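Notes for the one structure printed next.
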Amino acid sequence: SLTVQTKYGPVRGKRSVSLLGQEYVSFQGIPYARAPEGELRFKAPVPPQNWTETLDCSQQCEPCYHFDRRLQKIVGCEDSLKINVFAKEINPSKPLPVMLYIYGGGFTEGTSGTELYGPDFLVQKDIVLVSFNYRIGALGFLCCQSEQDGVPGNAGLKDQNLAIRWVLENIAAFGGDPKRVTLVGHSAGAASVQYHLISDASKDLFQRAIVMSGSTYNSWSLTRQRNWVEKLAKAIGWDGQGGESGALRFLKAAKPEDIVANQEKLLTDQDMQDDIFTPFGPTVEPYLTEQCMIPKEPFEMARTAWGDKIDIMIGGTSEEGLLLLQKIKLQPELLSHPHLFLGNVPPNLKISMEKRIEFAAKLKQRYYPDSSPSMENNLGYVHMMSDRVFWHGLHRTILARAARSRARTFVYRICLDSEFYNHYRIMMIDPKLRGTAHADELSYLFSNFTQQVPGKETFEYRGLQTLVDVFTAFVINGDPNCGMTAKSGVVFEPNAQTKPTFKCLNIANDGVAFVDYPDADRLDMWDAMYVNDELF
């Protein structure tokens, strides 16, 4: 009464009781790829081999290798390319719309586990939630330029492609409707969605998408190759012999715990002034396979995106930049660094050094007209980092949709500022701070390990239900209007302007509203640095 046939074998899930009270069928750890093990390490994913014996998926699986920062421990397993189905029940005769989730984690960490991405809140509406593991860091994004070596790159993105291909081919038997799939992603997970939207390799595999605080227009979404395959082999303790090819087979020989340990560790150039966020991330592939995700420059891929023909919802939070203070609590006075401003003028502009000098002055006057950056006078830098790192990419994505897509584009802004419920800002950043930070909003969508729940008279509860309602509203009929928006007398309309800005649903403590983006003036300034460069 809880066994399902997948295309590769039989699968038995569990039944359970939400943090709210409702019951739901759960399946966890369903293979969709053969363990990228041994020889297949670093490589594109291949299906699993058929298995005849009913496999237990009543318990969560281990994540793809990484440093789990909540534990401060390396963790994982290489055989972790498994997928997860949550739903109130299985109706193979009433096929429900699918929400498919892709986790974030800077392409370096992340997990599909119900300890950050709890289905309790979302399984109340009538959808099918899906979530899955894809490989991260070097293990998922190593790039060997010799075709001889079979590591083109982007193995993690290809893991996500396969996963989507699986939801299509299987979800029918969990009560899913493979032709009503919404792809949803946060941070790197959002940048991932948008690569699926702009790459032909993920063409028409889904119908709608929600893009959260992440974009192909953020510079951190694409890595440049700078001899990373060897710099890592070296740092791990490699003789120097064999070229890149020879560093690879040493890496195929290394404990993955070592790969992880040394990954981000000894890597970046310091010419990350030229924004290299990470070096095991998405890359333009050196040659073409059938599984290829990124054949050429993303910027150009975007101009002819299959995705421009489907509806999407996109947004982020009001103080995304809070993420960036982390690095600032560890060696402050980097806010007194005198290149603090001039090193946030985007590196790759075809502008002279005098313009660049001039732009960084406009940044001072915007974010710190008269006062000095410091751990106590930080809002200006949080705004700066919010714009540079997240929103300018979101905004370009919105402008580009308005120009070249005749689809609907819905824009949101999360402002929920709670003293206890904004978990990521509170646990991972600082219990001191206010504002809405990168991934705060995920507390209002997913249950997590805290088992925490605001108690129905609190505005936090109003927030929870509002998001859950608009996101599932969109997942169900490509229309984000719902009960909660109604009982504030607002209509979430798709965006229909760029000047003076775009219009978004602003979800605040005190409810919702459909307004001009309130921080437009800042982003005008970022647009203006792009005066000799094409925005989209």
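Take the deposited numbering: the last position of the sequence shown gets the number 540, and nothing is skipped along the way. We treat Cβ as the ideally placed atom computed from N, Cα and C, and that holds for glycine.
Top-ranked residue by Cα proximity to residue i, from the options
i           : options               : result
residue 65  : 444, 17 and 91        : 17
residue 224 : 272, 214, 234 and 244 : 272
residue 32  : 20, 95 and 40         : 20
residue 212 : 228, 218 and 189      : 189
residue 347 : 362, 333 and 335      : 362
residue 404 : 464, 449, 504 and 540 : 540
residue 118 : 408, 451, 499 and 530 : 451
residue 377 : 281, 337 and 464      : 337
residue 8   : 59, 27 and 50         : 59
residue 207 : 46, 56 and 168        : 168
residue 181 : 205, 113, 137 and 100 : 100
residue 332 : 373, 455 and 434      : 434
residue 355 : 6, 89, 534 and 80     : 534
residue 40  : 481, 138 and 470      : 138
residue 465 : 371, 447 and 136      : 447
residue 81  : 38, 109, 234 and 277  : 38
residue 205 : 419, 473 and 295      : 295
residue 53  : 298, 14, 415 and 214  : 14
residue 256 : 153, 210, 280 and 357 : 153
residue 366 : 436, 530, 468 and 145 : 530
residue 468 : 478, 432 and 511      : 511
Residues that DSSP places opposite residue i in a beta bridge
i           : result
residue 9   : 14
residue 34  : 87
residue 200 : Note: residue 200 sits in no beta bridge, so no partner.
residue 68  : 81
residue 287 : 227
residue 190 : 216
residue 381 : 378
residue 27  : 21
residue 510 : 417
residue 262 : None; residue 262 has no bridge partner.
residue 275 : Residue 275 pairs with nothing; no bridge assigned.
residue 515 : 512
residue 60  : 16
residue 520 : 507
Cβ neighbour criterion (16 or more within 10 Å) applied to residue i
i           : result
residue 305 : buried
residue 395 : buried
residue 522 : exposed
residue 453 : exposed
residue 352 : exposed
residue 388 : buried
residue 35  : buried
residue 421 : buried
residue 532 : exposed
residue 129 : buried
residue 230 : exposed
residue 24  : exposed
residue 261 : exposed
residue 307 : exposed
residue 504 : exposed
residue 445 : buried
residue 536 : exposed
residue 481 : exposed
residue 334 : exposed
residue 67  : buried
residue 484 : buried
residue 2   : A query on residue 2 cannot be resolved here, the shown segment of the chain reaching from 5 to 540 and no further.
residue 133 : buried
residue 519 : exposed
Below-8 Å beta-carbon distance, residue i vs any chain D residue
i           : result
residue 293 : In the displayed structure, chain D is absent; only one protein chain is listed.
Next on the checklist: Check whether the region 436-446 and the region 320-335 are in contact - that is, three or more C-beta pairs closer than 8 Å.
Outcome noted: yes
Next on the checklist: Whether or not the region 231-244 and the region 260-270 are in contact is what I'm after, with contact meaning three or more pairs of Cβ atoms, one per stretch, closer than 8 Å; do they touch?
Outcome noted: yes
Item to check | Runs of alpha helix (DSSP H) lying entirely within the region 454-483, each at least 4 residues, in chain order | outcome: 463-481
Item to check | Segment contact flag, the region 215-233 with the region 388-407, C-beta cutoff 8 Å, min 3 pairs | outcome: yes
Item to check | 4 or more residues per run - each alpha helix (DSSP H) lying fully within the region 299-325 | outcome: 302-305
Checklist entry - So, do the region 476-494 and the region 450-464 have three or more beta carbon pairs nearer to each other than 8 Å? => result no
Next on the checklist: Assess contact between the region 167-186 and the region 64-79, defined as three or more Cβ pairs (one per stretch) separated by less than 8 Å. Is contact present?
Outcome noted: no
Next on the checklist: For the pair the region 149-159 and the region 280-290, tell me if three or more CB-CB distances fall below 8 Å.
Outcome noted: yes
Checklist entry - Does the region 290-297 come within contact of the region 138-157, defined as at least 3 CB pairs closer than 8 Å? => result yes
Item to check | Uninterrupted alpha helix (DSSP H) stretches inside the region 393-424 (no shorter than 4 residues) | outcome: 396-408
Item to check | alpha helix (DSSP H) runs wholly inside the region 99-132, at least 4 long, in chain order | outcome: none
Next on the checklist: Is it the case that the region 405-424 contacts the region 293-313, given that we only count it when at least three CB pairs across the two stretches are under 8 Å?
Outcome noted: yes
Next on the checklist: Pairs of beta-carbons, one from the region 120-138 and one from the region 93-111, closer than 8 Å: are there three or more?
Outcome noted: yes
Next on the checklist: Could you tell me which whole beta strand (DSSP E) segments of length 3 or greater appear in the region 132-170?
Outcome noted: 132-136
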